[PDB]
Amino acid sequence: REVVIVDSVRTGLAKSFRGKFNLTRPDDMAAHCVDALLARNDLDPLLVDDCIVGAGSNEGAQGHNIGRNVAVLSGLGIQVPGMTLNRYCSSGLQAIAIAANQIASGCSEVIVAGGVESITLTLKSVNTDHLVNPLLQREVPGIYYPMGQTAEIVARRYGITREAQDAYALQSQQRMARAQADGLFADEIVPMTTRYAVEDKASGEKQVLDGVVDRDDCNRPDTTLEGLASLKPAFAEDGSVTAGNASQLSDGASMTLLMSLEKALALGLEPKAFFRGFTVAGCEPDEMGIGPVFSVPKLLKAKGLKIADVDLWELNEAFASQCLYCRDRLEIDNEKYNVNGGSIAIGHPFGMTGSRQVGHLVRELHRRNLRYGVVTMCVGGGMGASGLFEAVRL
């Protein structure tokens, strides 16, 4: 049974702590995206069978089964069930794969799926009771290494130079700035009205202000190689990984409307892409960045494709060090790889990224009249996740 993406919309990505989502709840952010899918597709909310929300943090602002509460806050209401999942950085893609495979089984027709992260409200809000398994810490200490530490381990282990990382970061900033100037995000970003907190550091003046998030605000079109080369190492005193060649902390949500081809047809909605499969693979936690080099080959083999058959890649730019290792280990064409840049420029709100990448990949396949794209990403804890999508060509 064939399953299509009909639509995918997200918030802008707003800098965490300081930006215009710093008081906005992630449940409300994801519900706003669901409301946009309903309005844009003139969709009867009673037709939606489920609401699947991925998130890295599943507690506090992201506790109490955020996927169900997202459904109830949105126009879907109490009639539409919902669930939450965590495969950290892959969660938004994982949600979409689960939605697609549930529709493929014949037991659902229409699902909204994606993810959210309020890094602002969840990063430093962590239940530490019994959090560490002493036996894991002894057997696989990598399970508890900070992500930036694994980014330095990958740069050193695989010889990814500072210079190569900064050349990659610059490419991401330039490609993102061009795609912004060309309006390539105008259809994927839905504006959201907020209240947000400011403090002047010089006056001590706190205010809550009225705001709108209507674009990604974390990127720096003026970035230069010399600028990146001057930055201090973020994770090791003699290090290569910096704030400039690493993904930024940003807040946001992305949600994806999936249905059977049969149902899209009956509703007179235009399919944008087919879901064509998903894989995950495990690797050493201390080098979690290399995940995709294990998950991508599994996916292409399951689906009868070679690297060369893939027209576009969205491989999450968690760190230039791992993003480059994956590109070069898999021997992917740089001209087909993160063609509008990514998380180095706009940030990585863990839960949402995979759904953002799918929504963007599908629009760019259509814009370039291409066929196959892969969304793939490393995952904290030592995994790769990979999803294959196929543009509907007329």
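Residue numbers run from 1 along the displayed sequence.
Student: Hey, which bit's got the bigger mean C-alpha B factor in the entry, 292-300 or 181-189?
Tutor: Between 292-300 and 181-189, it is 181-189.
Student: Using only the Cα atoms and their B-factors as the entry lists them, report which of 32-40 and 58-66 averages higher.
Tutor: The stretch with the larger mean CA B-factor is 32-40.
Student: According to the Cα B-factor stored in this entry, which of the following is highest: 238, 314, 117, 287?
Tutor: 238 has the highest C-alpha B-factor of those listed.
Student: I'd like to know which of 85, 111, 202, 280 has the highest C-alpha temperature factor in the PDB entry.
Tutor: Largest recorded C-alpha B-factor: 202.
Student: Taking the entry's C-alpha B-factors for this chain, is residue 377 in the lowest, middle or highest third?
Tutor: For residue 377, the deposited C-alpha B-factor lands in the lowest third.
Student: Would you please rank residue 14 by its C-alpha temperature factor against the other modelled residues of its chain and give the third it falls in: lowest, middle or highest?
Tutor: It falls in the bottom third of the chain.
Student: Lowest, middle or highest third: where is residue 388 by C-alpha B factor in its chain?
Tutor: Answer is lowest: the recorded C-alpha B-factor places it there.
Student: Can you tell me which third, lowest, middle or highest, the CA B-factor of residue 45 falls into for its chain?
Tutor: For residue 45, the deposited C-alpha B-factor lands in the highest third.
Student: Classify residue 255 as lowest, middle or highest third according to the C-alpha B-factor given in the PDB entry, relative to its own chain.
Tutor: Lowest third of the chain for residue 255's C-alpha B-factor.
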